[PDB]
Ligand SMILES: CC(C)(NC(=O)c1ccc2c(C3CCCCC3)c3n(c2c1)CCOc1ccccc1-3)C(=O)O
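Before any questions on binding or motion, here is one chain by itself as structure tokens, the form deposited without the named molecule.
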């Protein structure tokens, strides 16, 4: 019952890869310790192969089947529509991997007769054949980190024509079903502020709260054929068109359960019998299966008044404490149950009794004060990976701008405001690129975003307090300070100078730019403005944001 079998062929890149941080004239203004930053490449894909390859055993008990029954009952309430080919085409990212059959993502998006003709042929084949394994491409992701080196993560995805077919069959399902099945436990329905609100209210609702995060080792590889068939059984609970049911069955049998792995050179690399990291159902499948196994494990561990929050393979549980020694014992029983269900731990879960100390979705709740001095909870994270990626993005244009996603999602944080906004607005000003729409990713989906809209986006997501936070917590200050020393990032003195410069220039341009200056950088002046609601912010169409997760799923807006 191995997760993968391999032929020995390499996982190959498509283009020249870089691992060392490129340096340009701007690099040192952000970070001096350049040797701390690296990108993963296909060179390390061999180590990853070793890591992801193991035997899965699964022993499924009555808690598991009880939870599944309840999940199916809720799923039976969902009605999902089939997308037209052209609706599905318009969801495709413009820089999505080209088809092997002589068209690309922009062909798809333009509804080119060639792409559309092929997509219809793939659809027909899905309805007619529910057995033949579908080919997938395997590639090493190029992602940037700070040292202490990780091997490249792998992405496995079918041809572009199949990906459009997945949207047709399942886009409505994966967008709608998880919230119905898991209600408030479904993480991707929340903006950062809403996630914080959910966590704080949940923490406060317990008499003696305890929480933990559970890290499954290599979650995709722990996902078994059983798990994937179970996911399919849940999808089929929905009220679907006959054609959708057939396509979902076909895609499950032919793609989701497993299939051959081909490198970018076209050599057979092996065979997958676990979750594909690059299909539409990656996020929704992982979320459901994690929720299923975790809910069942909660019952096995007899955890009292459990509240779960689940985002794909990321899991937080807040429950009633039975004291430290008992909580430790319960978590060990929880871990044992997860292991039996084929979700063994990476790091063993630790009980926490301070909400700020629980890290989930790489983030934690923290506290600061707004302009009136009121305490405000907000979501933050360790800044090391954001700053390392920002450094890469200072020297190189990347298909997804992590800095922009980080500003959007972490707008209220000390580090996003002091460093990311200051640094990148400086660059955008200098290059006259304030009005150029850039791509970023939110919950796996790709969005095109004009930097000049950032104040309205921030006000809408986080509220005006995001432009006024101060008196951050000692833990947060310590972490940010420690990160800046580690990476050799300049001090507040420097960033405050740059922010005032950036601000003054933005005000001069007028219009949306001045609004950027006024709102984003009010923190940098001695005589602060009183920031008022931005009229234009009421007229932003933020539909599609914070509905669902689409990691690996090839979704654009």
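Residue numbers count along the first chain shown, from 1.
Another form, the form solved in complex with the named molecule, is not on view; read the next lines as being about it.
**Q** Answer with open or blocked: the shown chain lacks the ligand, so superimpose the named molecule from its arrangement in the bound PDB entry and check for 3 or more ligand atoms within 2.4 Å of backbone or C-beta atoms.
**A** This form leaves the site blocked.
**Q** Of 394, 456, 264, 252, which one comes within 4.5 Å of the named molecule in the bound PDB entry, counting heavy atoms only?
**A** Looking at the other structure, the residue within range turns out to be 394.
**Q** Using heavy atoms only and a 4.5 Å cut-off, determine which of 297, 170, 420, 257 is in contact with the named molecule in the bound PDB entry.
**A** Answer to the contact question: 420.
**Q** From the candidate stretches 76-84, 108-116, 480-488, 326-334, select the single one in contact with the named molecule in the bound PDB entry, where contact means a heavy atom within 4.5 Å.
**A** This holds for exactly one stretch, 480-488.
**Q** Report yes if any heavy atom of residue 64 sits within 4.5 Å of a heavy atom of the named molecule in the bound PDB entry; otherwise report no.
**A** Heavy-atom contact with the named molecule at 4.5 Å: absent for residue 64.
**Q** Does at least one non-hydrogen atom of residue 425 fall within 4.5 angstroms of the named molecule in the bound PDB entry?
**A** It does not: once the named molecule is placed as it appears in the bound PDB entry, residue 425 has no heavy atom within 4.5 Å of it.
**Q** Just checking whether residue 502 would be counted as a contact of the named molecule in the bound PDB entry - the rule being heavy atoms within 4.5 angstroms.
**A** Result no; residue 502 lies far from the named molecule in the bound PDB entry.
**Q** Residue 390 versus the named molecule, in the bound PDB entry: is there a non-hydrogen atom within 4.5 Å?
**A** Taking the distances in the bound PDB entry, the answer for residue 390 is yes, it comes within 4.5 Å of the named molecule.
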